[PDB]
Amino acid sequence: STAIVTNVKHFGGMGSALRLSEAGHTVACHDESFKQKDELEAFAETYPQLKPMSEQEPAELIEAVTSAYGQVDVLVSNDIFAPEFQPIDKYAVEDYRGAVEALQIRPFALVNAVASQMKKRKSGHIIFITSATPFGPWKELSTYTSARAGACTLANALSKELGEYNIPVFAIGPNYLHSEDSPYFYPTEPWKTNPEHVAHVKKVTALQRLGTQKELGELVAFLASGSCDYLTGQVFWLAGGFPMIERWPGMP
């Protein structure tokens, strides 16, 4: 079928896009960098199995893909944002608006623009790539964490109404997902190179390692394949056992 993966160069983009691609799907890709013709061309040449789009806005992206490839069967909203950690009184209100805009309004807008075609055909799959931070908040990251929670609930609430149209909706909230070269949010440097960060991941995850793009890709492909639509409304915590909780003194 035809799928859309946003911010393909970051977060769970390449894992999602490529696995969906390997599955035989036509994968249209979005990314801020695709604004530049040079960037989009370099990407189109490196990945002939993918279809990079120049469109940046939600409804515009949806239309470009629909016209270009017939329709949109699967939506993978790979949302990102660059938040600063900071005491609540140190943030500017605009810092919260920014997080909400990028992490809640964006996925809402994408679904708002594609739900019509999916509901008429009574077929489609919606997947939000959110975050596992809501499951275990770190102090001083209130903007990002609460915005991600809003997106998680958005997905669950959507499943309630789209199910009547045979449209499953899921939310995958990862953490410690190896992002390789992308700074969103666990790049090879220093997460796989620095002893201190490696020790950190070892301590906070049950599997004692970072998650892989392959794992995220496998889940997205599985959910989009229609093999288990009965899981609709599910929020998947892709965080390898995180959070591991500090045990009493005397325990290893």
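Residues carry their position along the shown sequence, with the first being 1.
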> Can you tell me which stretch has the higher mean Cα B-factor, 9 to 17 or 229 to 237?
Replying inline: 9 to 17
> Given the B-factors recorded for C-alpha atoms, which segment has the greater mean, 164 to 172 or 177 to 185?
Replying inline: 177 to 185
> In terms of the chain's CA B-factor thirds, is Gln208 lowest, middle or highest?
Replying inline: middle
> Considering only modelled residues of the same chain, in which third does the CA B-factor of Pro134 rank: lowest, middle or highest?
Replying inline: lowest
>> Could you place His200 in the lowest, middle or highest third of its chain by Cα temperature factor, using the values in the record?
In response: middle
> Looking at the C-alpha B-factor of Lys90, is it in the lowest, middle or highest third of its chain?
Replying inline: highest
> Comparing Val27 with the other modelled residues of its chain, is its CA B-factor in the lowest, middle or highest third?
Replying inline: middle
